[PDB]
C-alpha cells in the first residue's frame, strides 16, 4: 500500500499481528530503546509490512559497541533517535553539561555508521531552571561549544513531544535553532475543565486530524509518531490498538488520514 513516509507510532510493537494492523498506514515505529522487541527478531518486517524501526539512545547509558554493530549490520537504518526528554526528571533527566558530555559518543556513532542524529527529544520540563526547552537547548549548545573550540553539536533534526494544544506554536518557537523536526510523541491530553479538555473519542479524533494535517503540511517536519499503541487507563482515548492484531476506531482513523 502507498502510505505517508512521515506517519509513525511511539509504541513497543511486539506482535507481528499488531504490525499487520498498523502497516496499512504506518511507515515507522520506535520503542525508546536501541533494538526492536525480541519477538520480531526472526521476521522480515521491512520487506513484508514496508515498516522500519528507528533505534533510540534514551540517555547516557549506552553500549556504544553493541549499537554500532547493530547499525552497521542494518545499513537501511539512516536515523538514530537520541536523548528522551532530558529536561524531565522522570525521563532522561540530563543536565545540559551531561548531554554535551554524551554528544561526542553520538557524533562518533554518526561518523562510523552514517546515521543522522534526531534529538534531543524536548518537551516542557520539570528539571530545575529548564522547564523551557529553549533554556535547556541554549545551555546544551553553549556547553558543547565550550568543550569543542566554539563548534555547535551535530543535530540533523530536533525531536519534540507534545500533549496539548499549540503544537504548531511550540515548533515555531523551536524553529529558532534552524533545524527540522521529528515529532516523536503527540496526542492531546488536555484535562483542565476550561472547555478544551479531551474527554471523548470524538475530541481526540478531532485533534488527531488537526495535528496530522499540520504535521503533514510542514516541510520542516520529517516524521511524527502518535502516542500510543495501547494504554490503560486511557482517559483521553489515545490507543490505536485493542485486542492483538485489532485497530481501535482511533487506529483505523489515524492510518487512513490523508498525507503529503
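Positions refer to the first chain, counted from 1.
With 5-13 and 238-246 compared on mean CA B-factor from the PDB entry, the stretch scoring higher is 238-246. For the two regions 194-202 and 26-34, the entry's Cα B-factors average higher over 194-202.
Per the PDB record, 149 has a higher Cα B-factor than any other of 97, 87, 149, 184.
Comparing the listed residues 41, 57, 211, 54, the entry records the largest Cα B-factor for 41.
Annotation for residue 221: CA B-factor lies in the middle third of the chain's modelled residues. Among all modelled residues in this chain, the alpha-carbon of residue 73 has a temperature factor (C-alpha) in the highest third.
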